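Chains as they are written, first to last, in the entry's author numbering: chain E, 245 to 439; chain Y, 5 to 108; chain C, 164 to 466; chain D, 99 to 147; chain A, 4 to 49.
For every residue, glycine included, the Cβ atom is placed at its ideal position computed from N, Cα and C.
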Amino acid sequence: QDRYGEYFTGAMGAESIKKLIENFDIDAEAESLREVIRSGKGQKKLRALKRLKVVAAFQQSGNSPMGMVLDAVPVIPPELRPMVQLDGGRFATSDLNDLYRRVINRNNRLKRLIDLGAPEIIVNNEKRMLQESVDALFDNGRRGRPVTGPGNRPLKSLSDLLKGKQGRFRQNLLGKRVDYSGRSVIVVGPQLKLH
Amino acid sequence: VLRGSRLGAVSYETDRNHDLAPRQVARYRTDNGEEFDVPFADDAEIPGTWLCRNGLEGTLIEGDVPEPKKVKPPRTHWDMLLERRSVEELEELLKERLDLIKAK
Amino acid sequence: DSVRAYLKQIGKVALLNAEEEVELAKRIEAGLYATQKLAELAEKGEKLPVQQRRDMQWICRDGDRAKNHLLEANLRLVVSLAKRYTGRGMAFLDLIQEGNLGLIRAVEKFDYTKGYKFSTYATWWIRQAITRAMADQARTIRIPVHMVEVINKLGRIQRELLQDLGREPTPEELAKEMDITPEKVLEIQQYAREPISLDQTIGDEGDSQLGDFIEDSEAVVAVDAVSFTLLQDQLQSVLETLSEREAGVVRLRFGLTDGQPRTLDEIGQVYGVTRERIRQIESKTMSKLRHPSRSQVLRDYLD
Amino acid sequence: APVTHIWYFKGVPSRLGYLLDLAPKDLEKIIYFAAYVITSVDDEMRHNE
Amino acid sequence: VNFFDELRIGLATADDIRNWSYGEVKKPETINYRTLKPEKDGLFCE
DNA sequence: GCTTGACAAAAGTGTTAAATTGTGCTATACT
DNA sequence: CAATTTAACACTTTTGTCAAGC
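Put into structure tokens, the structure is as follows:
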């Protein structure tokens, strides 16, 4: 950088990825992979074919690939992650409104830390923390050992509400409890007609 | 087995648009150029600045200059250095440091 | 744990000796003065010579770089303090990161004329920064700092008194040491209780979580929801049994027509009669309705 | 600061890497601030001198 | 309603996320300890 | 069927005494 | 410690009320 900084640009972190994909041309990669497949006698054919599926998937439908980097994240409505006071005044709260809290904290500190111009050794660690917090918010455990918070149990992420046995894609198809219904033991009625 | 409640309560009233509260809409513009609308009651007293959806404290379009909303200035690193060093001492510090770089 | 990357990265800068700290602080101060000189002198022109301009800009850059280096070499101090306060509710690496923000303040205020080491001063700032951070961010339901301090004082006193007595004290025993009423400490204990996790499993198996079986007190009860409407009709039928002359006063008095109750005077805005006469009309209608001929029609809706 | 959506980093396959052509365990160092990467080289500008 | 013809799922850009929202969460607090009210700019802001 | 005089209880209006909340700073040395 | 919010209180204005009698 000191010797030659005017003729090259480098970066690190997700900002580098965003800058890399900003001016990335989708058509060139698709054509290169297609040509490699056409020259199939090379063993690279398999890897090129594997890549071409995703590359064409992004090449089609018009939608840009920059959606993989987030400049903003949504917040689920409160009542889907409610805070409820049980009988006796004890409060119960979902895990989500804690995960979001972390993302709100580390973000704000970053927005503070940048303002005073702290050294890169601190700002980059803050950025790493922010990205890790977001990753834990979306899919806790995809990084490695998941966050636990209180007790020694993992906190449920957003994905965990759609992934496991409990969720709106597994538990929803198992039916619902209904009103205007009852249950009772049976005895034999021999005098009854079939209907 | 155990029961609880949300932070609020429900209301059973029924009426619909047949009752109209007189309202008018104010217009705001933010720093980045986005524009927004806010319906207020005809009691008005509309504020000069409003926190819009995007999070920028936008300003009203009707007035040429909004409420000044003046605030005290921030405290910075020099301003706190000046609370412990006199300008006379800083002059001597500058002279002392200029002596070394001048040596070469 | 993946905090090891930070420990490695901060490990590439060596510690300062006693004589380097003063040099760095003095360089920072000189660079700040140089920057302020270049900023101020522009307000009235006063061109400086090119050599002096370049030398002063170099002084500015050297001061900034010395400040950065002083922060870099002292980042190692913050972790040794953060490791003490870990486990109280906030993350270890968050503790380190926000103690660093007290470290910058310590560098800002530290001076060499006092003849003391940088650590001696920076430790106080780091510790208070970590304390404030934990106080603000350690709980899902935020507790202001003074409340956190009084809660900590209660916990400290209760621990010793339990160690002595061998059992959990009654509120008055803690009050005798807090110099506040027993109900006050009982309220502080209520403020101290943390919320439980709504997603915790219930039933000794992974069948369901606690939230799946909370009965909502403020539910939309069907029988009431319809019942009210019936009353809102039945009452009308009774009011419609009167003459419009009588009915309007009641409909305006209690706000049935538009939902806003009206004072005796305001009803005269359309009726014209004085407030006392409106009261008399209200009394007449009020006595007519309460007569059994119309009471029985809707009496049992009160429950 | 921008943050990558984890679904496409740790996709198995990593759709992000397959798109922008970097292998897994390399984007991992890129994403989490463990290795620098050059985003632009001015070939014409450097060739000029 | 109920005239649905198809349901499609696709990538969401920052613009769509910013369009869905009614405002951003600027502070981490949720509810006040004393009055048990949602806080001014917290995760439970009204 | 209703106005007017006159009165007391209830409730707005503002001051301010008290309670609560936010914030900077503690200089042996400690990495 | 300063700043902010809550409440405790005195006064003013309004709301509700009784009787004369028109």
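Note down, in chain order, each residue of its chain lying with its Cβ closer than 8 Å to the Cβ of residue i, except the 5 sequence neighbours on either side.
i        : result
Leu178/C : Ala236 and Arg239
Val367/E : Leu354, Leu357 and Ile358
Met341/C : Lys316, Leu317, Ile320, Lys347 and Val348
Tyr106/D : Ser112, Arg113 and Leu114
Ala121/D : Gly115
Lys294/E : none
Can you grab the Cα-Cα spacing for the pair residue i / residue j, in whole Å?
i        : j        : result
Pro78/Y  : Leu85/Y  : 14 Å
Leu114/D : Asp379/E : 15 Å
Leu337/C : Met449/C : 58 Å
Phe47/A  : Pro358/C : 16 Å
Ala382/C : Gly8/Y   : 10 Å
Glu184/C : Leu233/C : 8 Å
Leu258/C : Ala301/C : 11 Å
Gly329/C : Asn263/C : 41 Å
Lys29/A  : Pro51/Y  : 21 Å
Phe376/C : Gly333/E : 17 Å
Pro322/E : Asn341/E : 8 Å
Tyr284/C : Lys108/Y : 36 Å
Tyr116/D : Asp124/D : 12 Å
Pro398/E : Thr33/A  : 21 Å
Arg346/E : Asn352/E : 10 Å
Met310/E : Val299/E : 13 Å
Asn180/C : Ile293/C : 26 Å
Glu370/E : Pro31/A  : 17 Å
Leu211/C : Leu104/Y : 19 Å
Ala168/C : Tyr279/C : 32 Å
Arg278/E : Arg291/E : 11 Å
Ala388/C : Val14/Y  : 11 Å
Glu96/Y  : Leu244/C : 37 Å
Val460/C : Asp421/C : 24 Å
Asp327/C : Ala355/C : 23 Å
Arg190/C : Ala229/C : 7 Å
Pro363/E : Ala193/C : 19 Å
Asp269/E : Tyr248/E : 27 Å
Using the DSSP secondary-structure output, state which residues sit across from residue i in a beta bridge.
i           : result
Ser9/Y      : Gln329/E
residue 1/Y : Not covered by the structure: residue 1/Y. The range shown for chain Y is 5 to 108.
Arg27/Y     : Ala45/Y
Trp54/Y     : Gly62/Y
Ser15/Y     : Answer by DSSP bridge pairing: none, since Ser15/Y is not bridged.
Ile104/D    : DSSP, once it has assigned bridges, lists no residue as partnering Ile104/D.
Residues in its own chain within less than 6 Å of residue i by CB, not counting five upstream and five downstream?
i        : result
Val328/E : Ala336
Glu61/Y  : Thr53 and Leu55
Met373/E : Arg350
Just to confirm, does residue i get its C-beta within under 7 Å of one of the non-hydrogen atoms of the ligand NAD?
i        : result
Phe281/C : The ligand NAD is absent from the structure shown, which contains no ligands of any kind.
Going along the chain, which residues of its own chain have a beta-carbon closer than 7 Å to the beta-carbon of residue i, five neighbours each way excluded?
i        : result
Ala25/Y  : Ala45
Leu402/C : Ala410, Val413 and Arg414
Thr249/C : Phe255 and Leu258
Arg247/C : none
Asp383/E : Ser401 and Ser403
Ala255/E : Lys263
*Below 9 Å between beta carbons is the criterion; list the residues of the segment 49-64 of chain Y that meet it against any residue of chain A, in chain order.*
Cβ contacts with chain A come from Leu55, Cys56, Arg57, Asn58 and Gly59.
*alpha helix (DSSP H) segments (min. 4 residues) lying fully within the segment 337-419 of chain C*: For the segment 337-419 of chain C, whole alpha helix (DSSP H) runs of length 4 or above, ordered along the chain, are 345-355, 385-404 and 407-416.
_Residues within the segment 10-42 of chain Y neighbouring chain A, beta-carbon criterion of under 8 Å_ = For the segment 10-42 of chain Y, which is checked against every Cβ of chain A, the residues closer than 8 Å are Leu11.
*For the segment 334-394 of chain E, list the beta strand (DSSP E) runs that are entirely contained and at least 3 residues long, ordered along the chain.*
Taking only runs of at least 3 residues, the beta strand (DSSP E) segments lying wholly in the segment 334-394 of chain E are 335-337.
*Could you name the residues of the segment 309-339 of chain E whose beta carbon sits closer than 8 Å to any beta carbon of chain C, in the order they occur along the chain?*
Those would be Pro326, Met327, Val328, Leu330, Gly333, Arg334, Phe335, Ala336, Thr337, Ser338 and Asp339, in chain order.
*Can you give, in chain order, each stretch of the alpha helix (DSSP H) that sits fully within the segment 8-42 of chain A and has at least 4 residues?*
Listed in chain order, the complete alpha helix (DSSP H) runs (minimum 4 residues) inside the segment 8-42 of chain A are 17-23.
*asked:* Short of 8 Å Cβ to Cβ, which residues in the segment 21-33 of chain A face chain Y?
replied: Cβ contacts with chain Y: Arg21, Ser24, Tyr25, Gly26, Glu27 and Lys29.
_Selection of the segment 345-362 of chain E by Cβ proximity to chain C, strictly under 9 Å_ = Under the 9 Å Cβ criterion, the segment 345-362 of chain E contributes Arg345, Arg346, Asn349, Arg350, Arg353, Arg356, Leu357, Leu360, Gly361 and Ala362.
*Interface positions of the segment 4-15 of chain A facing chain E (Cβ-Cβ less than 8 Å), listed along the chain*: Correct list: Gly13, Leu14 and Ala15.
*asked:* Beta carbons nearer than 7 Å to chain C: which residues of the segment 361-387 of chain E have them?
replied: Sequence-ordered contacts of the segment 361-387 of chain E with chain C read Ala362, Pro363, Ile365, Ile366, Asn369, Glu370 and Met373 [C-beta pairs closer than 7 Å].
*Under 8 Å (Cβ pairs) to chain E, residues found in the segment 343-362 of chain C*: Cβ proximity to chain E below 8 Å picks out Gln353, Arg356, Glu357, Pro358, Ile359, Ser360, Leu361 and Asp362 from the segment 343-362 of chain C.
*What are the complete beta strand (DSSP E) segments, minimum 3 residues, inside the segment 183-225 of chain C?*
Every candidate beta strand (DSSP E) stretch fails here, since none sits fully inside the segment 183-225 of chain C while reaching 3 residues.
*With a floor of 4 residues, list each alpha helix (DSSP H) that falls wholly inside the segment 249-328 of chain C, ordered by position along the chain.*
255-272, 281-300 and 308-328, all fully within the segment 249-328 of chain C.
*Please list the residues of the segment 300-313 of chain C that have a C-beta atom closer than 9 Å to any C-beta atom in chain A, keeping them in chain order.*
Residues of the segment 300-313 of chain C with a C-beta less than 9 Å from any C-beta of chain A: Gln300, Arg302, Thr303, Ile304, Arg305, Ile306, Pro307 and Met310, listed in chain order.
*Counting only runs of 3+ residues fully inside the segment 262-335 of chain E, write out the beta strand (DSSP E) ranges in chain order.*
You should have 327-330.
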